[PDB]
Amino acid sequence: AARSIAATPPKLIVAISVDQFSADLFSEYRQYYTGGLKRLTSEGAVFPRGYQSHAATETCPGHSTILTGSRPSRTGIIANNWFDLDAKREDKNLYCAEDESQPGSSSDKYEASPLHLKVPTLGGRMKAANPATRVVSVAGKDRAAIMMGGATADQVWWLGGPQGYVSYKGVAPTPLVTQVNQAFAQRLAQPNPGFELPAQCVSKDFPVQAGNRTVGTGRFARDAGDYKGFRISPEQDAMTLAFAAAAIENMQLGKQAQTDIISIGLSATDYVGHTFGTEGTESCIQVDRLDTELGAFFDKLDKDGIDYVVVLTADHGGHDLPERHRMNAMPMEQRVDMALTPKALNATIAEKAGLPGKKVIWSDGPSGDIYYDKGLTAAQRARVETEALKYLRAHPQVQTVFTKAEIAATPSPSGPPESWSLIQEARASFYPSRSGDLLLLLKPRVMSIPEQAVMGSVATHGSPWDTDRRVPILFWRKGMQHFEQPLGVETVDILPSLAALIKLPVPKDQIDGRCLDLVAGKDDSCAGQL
């Protein structure tokens, strides 16, 4: 039966982040969905040009926007890792989702924590308005689960390894979690024969060499006990969705008086895209499995009779590896110069600044935030800035370099995210106590993974360009009226759009997003405070 998505408050909010599910990838395969993604695109409110609008198009900044209504400039989550050169501990690199105050910690051996997140999540705001609210977050990555759930979440679980799903220190598995992990262990202990190709994947079945690796033809065959293989496959998304459905039923989410919320971070698409690039059989199979498993998941919830509303989006977009782009009509695609990577860049800048052999800058990839060493004198700091700017601006693969002061002086951006300037994008993931002294941006179609004889990941996101910012945002509730809205919107718009449905006020001055009307035609779901 036809029924407005705003007719009454939904009893359950289901928020799904598909890691690296770019609008490019989503759109390419849109015509082949038959399951859960067909349900959302054919019946839902469809924003195919959503934006993780900031420059720092990584997993942690992206997840911090989805259920906070807040850009990274406000969440404080400006990268997966940032330096705190004043940190007490020896490792000045901080992980986005750790508590570095813990003794004996490092960015390699950390204690998971939402402490770095400066704002509440939607579940936190629902819980402040009504303590009976349950707030649940499950993902294949701790940072996804943590940043979507927020500090007051009831249950936060993520895939921790071959042991299965785990939570914060001190949190023992419930009977449900042990059952889930027993099921997980049994699946892992069985070989997976892999997947024959869906029709749409047959055309993608050709090998591409990158350094010592060959990609393009994988079908997720894997040995028993091969956890790496399990992690980089549709298998972990199936597990995470099963875990979510069981949690929903076991906790009776959506079946009480108040509205509950569960966030789900489906990580496989990202591992797959990193390891193989995005246009081969591996991503193609993964996206088709995603559609199927989402369909099974929505069918279970429907069978349970739950009145739920869904939002599905991504934490960032993605970009294919250069070697395949060059085969497919993009011959200018290329990998970043090894000279721009951290060790080589620091050695170059230190030398030009008259300080050869010294540590003068800190960085953790060939783009993004660069920090001056705190042990520089003011004069030395000034030479280092001058030489860094001079050298990077003259490099043929560099688009531009912003100083901290230039970004700071930029007003928080407004207006259509699809036509922002680069510095507006930078401003949207600028947070003074955590951001670098310089922000390095590479030219379009330069992949920030240099060519090497021995390589790992062949492709990544993290650039300020459209492939990496643009993501779908899909909303759905049984019986609603579908519409398509192709103009740009931001993932920070998601929180106020859901809050309106449950009549939760959200002070406009505490968030960056705006309410999106999810009611096609005359009536307006946002009518009210938002």
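Start at 1 with the first residue shown and count on from there.
- Averaged over CA atoms, B-factors in the entry run higher in 171-179 than in the other of 171-179 and 294-302.
- Of the two segments examined, 343-351 and 135-143, it is 343-351 that shows the higher average Cα temperature factor in the deposited entry.
- Of the residues listed, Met332, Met239, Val215, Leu392, the entry assigns the biggest Cα temperature factor to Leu392.
- Highest C-alpha temperature factor among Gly104, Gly280, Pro120, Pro416 per the entry: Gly104.
- Per the deposited record, the Cα B-factor of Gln256 falls in the highest third when ranked against the other modelled residues of its chain.
- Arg445: CA B factor lies in the middle third for its chain, per the PDB record.
- Per the deposited record, the Cα B-factor of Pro9 falls in the middle third when ranked against the other modelled residues of its chain.
- Residue-level temperature factors show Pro356 in the highest third of its chain, judged at the C-alpha atom.
- Looking at the C-alpha B-factors along this chain, the one for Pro507 belongs to the highest third.
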